[PDB]
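A short worksheet on the structure shown next.
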Amino acid sequence: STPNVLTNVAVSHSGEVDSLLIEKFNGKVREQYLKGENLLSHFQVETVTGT
Amino acid sequence: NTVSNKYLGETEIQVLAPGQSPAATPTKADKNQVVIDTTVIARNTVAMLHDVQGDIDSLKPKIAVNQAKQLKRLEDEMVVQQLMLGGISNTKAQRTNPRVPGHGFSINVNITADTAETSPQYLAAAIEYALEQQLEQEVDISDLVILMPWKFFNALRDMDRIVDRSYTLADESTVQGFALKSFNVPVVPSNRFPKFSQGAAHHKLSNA
Amino acid sequence: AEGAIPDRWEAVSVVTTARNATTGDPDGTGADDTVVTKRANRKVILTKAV
Amino acid sequence: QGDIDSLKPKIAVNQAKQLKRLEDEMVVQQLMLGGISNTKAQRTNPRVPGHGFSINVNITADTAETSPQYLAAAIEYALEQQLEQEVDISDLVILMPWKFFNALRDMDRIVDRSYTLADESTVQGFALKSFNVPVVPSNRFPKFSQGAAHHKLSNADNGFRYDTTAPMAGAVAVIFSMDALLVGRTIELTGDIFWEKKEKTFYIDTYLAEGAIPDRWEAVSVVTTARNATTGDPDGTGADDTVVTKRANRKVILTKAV
Amino acid sequence: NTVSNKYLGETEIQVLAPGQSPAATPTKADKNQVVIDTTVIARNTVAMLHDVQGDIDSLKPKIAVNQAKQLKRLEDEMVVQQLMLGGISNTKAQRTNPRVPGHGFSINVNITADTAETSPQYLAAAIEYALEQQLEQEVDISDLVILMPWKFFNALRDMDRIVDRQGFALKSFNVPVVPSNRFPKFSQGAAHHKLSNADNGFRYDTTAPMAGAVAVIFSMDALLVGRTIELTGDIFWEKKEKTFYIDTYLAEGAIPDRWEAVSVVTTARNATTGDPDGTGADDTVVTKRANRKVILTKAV
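Residue numbers (our numbering), protein chains in the order written: chain A, 76 to 126; chain B, 973 to 1180; chain C, 62 to 111; chain D, 38 to 295; chain E, 357 to 656.
Laid out in structure tokens, this is it:
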């Protein structure tokens, strides 16, 4: 009256591994923020060429 | 049954002399994963004879709605508890090294309980401390959300600065939630919040 | 069925009262208190009693 | 086998941010050195017999965080010392670290609308009402280490000026004008990606060339905390703690009690 | 850089009474996998002055097409060596029950060093015995292919087994026969295959029993092979040193997969060297089969 022995593809009879799933990536990576102060804007750069 | 993510690190800069190729610098990387292994259900049975002679009207949809509300409360409780644990567990005192050389740590602010209940200024100072320490580690605060239980949500509200109209940081209607004005961050009060007892109930989603 | 896990440590920051290890009753004096109670006293009107 | 979607543009944009951060940090460090080096006590003689020196005011580090009136008095004192040297104070800008920025903005006089010297929105950075100079927050202030190597851009021709020393370990609130520094650029920030045939590699590089030196001697004025020469950690009482804590009691109300 | 196969089990049948509702039957799904880590590159150098003064026309494409053939030969040798290791290391002796209990395990047979080439009957009986012990496991005879060197092909030729059909085939159990020279050597002193590292357990390296195999039988899905880079050749001139740098690379890997469709008929070999002097463990049976094929030959 019950399905006592469920077939399961997520278990390894031989062992040596806990599971068999694929570990998908989902396509998301994170990095540091570092807002740009842009503090040099107050000053004149005074480009130099030649000398 | 799992979902992963990857984090990248820093890159180093160095001086060059003219006419040479400088050596490179490595960049580290790491990963984080989540597993899903447990499901929860709620079931009820109604006999045909007991249904046909029933004083309550439309019993079945009412039971379904109640079940939906219970299962909706469970996920909110779980989410709040999980992010609560995540805040505590990663605090520069336990981890002491970031996942990559670049990123920073979560900040936990620990204060005495008795004084926190008595004075609202104490809680406002603690929250401002946490927010500015967030700001120090290059974290933008334009989009942040604060959750408080009703007991302390009432507490933060009663400080004179927020209540008084003369002061800059004041809001008119604060029963439904207000925006802190020292840092423009909304505050949302949530009833659901973890509670502890001596007995171990062993939350269902927990596994070995 | 649903699951969750903390990630992106910089995103979440929590303020927690000091609590006894064995029981939920509060007995500790706090570990971050001194960093605080110095930030509490700035938010006050200041008077010079004569 | 990277498994990463883009990798290379991400590394390039990370390198660009690194270079921009160092470029800003170097400017802040040079402003601090220009403030601290020539303060009428060490120079004892102006660069030209006419002009005047920069002003450095020193305050205790411990009492700085406890009371905002202390920092407000220090800033007002620095501005007053600047103005006594008959320099216009209209085009001045103040930089403050976040921790001390919150201290300065937490004052009752600033928040209270009734007081005439109050500003409403301060999160982006408020404007000082007593002196119309604006104040902005920054996180690029230099940090000191005991055994750190020489900072890049520093060479044994310009006296190793670029790298930091102990006295500015925890300085706050640099005050500067437009003509307070003399910067120059040789090569603008340019990023390049190479694909080397000989060695099967992808090269990602970015190079830049800046320079700076403090010259005006008057447009820069810095307030700094007293700190041990040997180590970064603060100790002792600021040299100018005597004048301050008397100016800190100006902004009070009497409130006699019967 | 990992490739998985995702095996699957075999179900079981059972009788049902009216209203019995029988229970169930489970499956395994072992899912072995392979990893590829190293690349193989062949490069040649041509000077600018010699290129301008070169007698041959279109020398660089010729060098490139030669390098491609060299890489192909290395590829084939590695495939054969791995397929041989799969047959050697996967008999019932070591594993003692197969993964995915439905499928089964691969078969190996041993031959004494002498009389392997002296008597064609011995070798023919051994090959047929290995082939039938394979075919007892539902191998779908049409798929499988025999691969065996020229020296032993000549010995098998003497018996009428090999007939044309432009591949060759046995009389009974008609299957294609491909003779090849790509077989393990075991020089006893060669450093490494150059495709073996510490992490992979030093595969691709010809062990002592591997040398001298008379034949090997394989089906289609007998190996798992991974390719991250297909072989490409690019001729490029660099300004600094005036050179052409043909520079071709391969970057592949492989592993035994099916565990059941590989049969190997290696002869007995002496350990740590050549000079077999081996009696052969699986001999007592095969010789009895070798004497099976005789002619009555009544005298006049």
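For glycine and all other residues, C-beta sits at the position ideal for the given N, C-alpha and C.
Contiguous beta strand (DSSP E) assignments of at least 3 residues, all confined to the stretch 91-165 of chain D: 92-96, 130-133
So which residues on chain B does C:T84 lean against when the C-beta distance must stay under 8 Å? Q1170
From this set, E:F574, E:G609, E:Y605, which residue's C-alpha is nearest residue 320 of chain E's C-alpha? A question about residue 320 of chain E goes unanswered here, because the residues of chain E that appear run from 357 up to 656.
According to DSSP, which residues form a beta bridge with E:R583? E:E608
What does the alpha-carbon distance come out to for the pair A:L96 and B:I1008? 12 Å
Report back the beta-carbon spacing between B:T1140 and D:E255 to the nearest angstrom; my notes put them in contact at under 8 Å. Between D:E255 and B:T1140 the Cβ distance is about 35 Å, and since that is not below 8 Å, they are no contact.
Express the C-alpha separation of E:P632 and E:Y485 in angstroms, rounding to a whole number. 22 Å
Take the Cβ of A:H88 as the centre, count every other Cβ of all protein chains shown within 10 Å, and call the residue buried at 16 or more, exposed below. exposed
Taking only beta-carbon positions, decide if B:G991 is within less than 9 Å of chain C. no
So, does the CB of D:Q119 fall closer than 9 Å to a CB anywhere in chain C? no
Could one say the Cβ of D:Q38 lies closer than 9 Å to chain E's Cβ atoms, at least one of them? yes
Name, going along the chain, the residues of the stretch 454-465 of chain E whose beta-carbon falls closer than 9 Å to a beta-carbon of chain A. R455, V456, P457
When you compare the CB of D:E102 with every CB in chain C, is at least one pair closer than 9 Å? yes
Within this structure, are the beta carbons of E:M515 and E:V570 separated by less than 9 Å? no
Chain-ordered neighbours of B:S1145 on chain A, where CB pairs are closer than 7 Å: Near B:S1145 there are no residues of chain A at all, since even the closest Cβ is about 33 Å away, more than 7 Å.
Cβ-heavy atom distance, D:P271 to the ligand PLP, below 8 Å: The ligand PLP is not part of this structure, which contains no ligands at all.
Contact under 9 Å by Cβ, D:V281 with D:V148: no
Is there a Cβ from chain D that is less than 9 Å from the Cβ of B:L1116? no
In three-state DSSP terms, what is E:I392? coil
Considering only the alpha carbon of each residue, which of E:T622, E:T628, E:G589, E:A607 lies closest to E:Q423? E:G589
Could you round the C-beta distance between D:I92 and D:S258 to whole angstroms and report it? I think they count as a contact, below 8 Å. 4 Å
Taking the alpha-carbon of E:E473 as reference, which of E:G568, E:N361, E:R648, E:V650 has the nearest alpha-carbon? E:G568
Just reading off the alpha helix (DSSP H) that E:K416 is part of, what are its end residues? 415-444
Can you pull the chain D neighbours of A:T122, defined as C-beta to C-beta under 9 Å? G221, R222, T223, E225
Just the chain D side, please: which residues come within less than 7 Å of A:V104 by C-beta, in chain order? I41
Pairwise C-alpha distance: D:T243 and E:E594: 23 Å
Which two residues bound the contiguous beta strand (DSSP E) that contains E:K550? Neither: E:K550 is in no beta strand (DSSP E) and is coded neither H nor E.
Could you spell out the range, first to last residue, of the beta strand (DSSP E) harbouring E:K448? No beta strand (DSSP E) holds E:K448; the alpha helix (DSSP H) holding it covers 448-451.
Determine the DSSP secondary structure at B:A1001, reduced to helix, strand or coil. strand
Do you know how far the Cα of D:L108 is from the Cα of D:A276? 15 Å
Whole angstroms is fine: what's the gap from B:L1021's alpha carbon to E:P454's? 56 Å
Could you please give me the residues that DSSP links to E:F574 through a beta bridge? E:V501, E:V618
Which residue from B:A1036, B:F1168, B:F1077, B:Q986 puts its Cα closest to that of C:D68? B:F1077
Cross-strand partners of B:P1161 (DSSP beta bridge): B:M1120
Distance, E:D470 Cα to E:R513 Cα: 18 Å
Check whether the Cβ atoms of E:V581 and E:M440 sit closer than 9 Å, and answer yes or no. no
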